[PDB]
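Coordinate analysis (summary)
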Amino acid sequence: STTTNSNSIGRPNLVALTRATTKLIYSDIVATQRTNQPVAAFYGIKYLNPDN
Amino acid sequence: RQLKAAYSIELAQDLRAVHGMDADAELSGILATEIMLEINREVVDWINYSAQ
């Protein structure tokens, strides 16, 4: 009465891979622009009343 | 002369998978071959049995 305990299984099949990655969010949260020099300079120009 | 064999259904699945051979045909390929060997042995056995 050959059962399934006689036959010995070989390599188990690999059904699924499972990586872990966060929902990385920085393209939408900030404002980006590529700088062409190791020093990036922004201009803040303000409109002032005669009381500055 | 006669012989029997008992194979489980789940063994037929596992043997058909994994290895890749039909569990049914093996037992038929074993019992029939085994019986013919025994008869072929008996003919040889009788000769030495009856030999002077």
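Residues numbered from 1 in each chain as written, not as in the entry; some residues may be left out. Chains lettered and ligands numbered in written order. Part of a larger assembly, values for the part shown. Heavy atoms only, no water.

Quick look at the packing of aromatic side chains
All names here are of chain B. A complete count under the given rule lists 1 aromatic pair over all chains for this structure. Between the aromatic rings of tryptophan 46 and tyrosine 49, the centroid separation amounts to 4.9 Å while the plane-to-plane angle is 90 degrees, which identifies the pairing as edge-to-face. With a gap of 3 residues between them, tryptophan 46 and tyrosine 49 both fall in helix α2 (residues 23-50), about one helical turn apart. Given the relative accessible area of 45%, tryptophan 46 is considered partly exposed. Looking at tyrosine 49, the relative accessible area reads 64%, which means it is exposed. (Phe/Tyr/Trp six-rings, centres within 6.5 Å; stacked < 30°, edge-to-face > 60°. Helix = DSSP H or I, 4+ residues; strand = E, 2+ residues; numbered from the N terminus. Buried < 20%, exposed > 50% of the residue type's maximum accessible area, 1.4 Å probe, protein only.)

Brief notes about the pattern of salt bridges
As a working rule, side chains carrying opposite charge can pair if their charged atoms are close by. All names here are of chain B. What the rule picks out here adds up to 3 salt bridges over all chains. The residue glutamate 38 makes a salt bridge to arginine 1 at a minimum N-O spacing of 3.1 Å. With a gap of 37 residues between them, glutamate 38 in helix α2 and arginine 1 in the segment before α1 (9-19) connect regions that are remote in the sequence. The partner of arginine 41 in a salt bridge is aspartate 45, with the nearest N and O atoms 3.5 Å apart. Placement of both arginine 41 and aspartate 45 in helix α2 is noted, with a separation of 4 residues, approximately one turn of the helix. Accessibility expressed as a relative area gives 37% for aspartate 45, which makes it partly exposed. Through salt bridges with shared partners, a single ionic network connects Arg1, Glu38 and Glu42. (Salt bridge = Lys/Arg side-chain N within 4 Å of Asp/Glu carboxyl O.)

Observations concerning α1(B)
All names here are of chain B. Residues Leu11, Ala12 and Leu15 constitute the buried set of α1. Along the axis of α1, the buried positions cluster into a sector of 105 degrees, meaning they face one direction only. On its buried face, α1 is in contact with α2. One or two steps after α1, the chain reaches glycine 20, where phi turns positive at roughly 115 degrees. (Arc of directions from axis to C-beta. Contact = heavy atoms within 4.5 Å.)

Details of the interface of chain A and chain B
At the interface, 9 residues of chain A touch 9 residues of chain B. Considering only the side of chain A, the residues that lose the most area to chain B are A:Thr2, A:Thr4 and A:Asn7, jointly responsible for 67% of the buried surface there. Inspection of the chain A/chain B interface yields 0 salt bridges. Our count for the chain A to chain B interface comes out at 2 residue pairs in polar contact. Counted by class, the side of chain A that touches chain B contains 1 nonpolar, 8 polar and no charged residues. (Buried area = accessible area lost by both parts, 1.4 Å probe. Polar contact = N/O pair within 3.5 Å; in protein donor to acceptor, adjacent residues only side chain to side chain. Nonpolar A, V, L, I, M, F, W, Y, C, P; charged D, E, K, R; others polar.)

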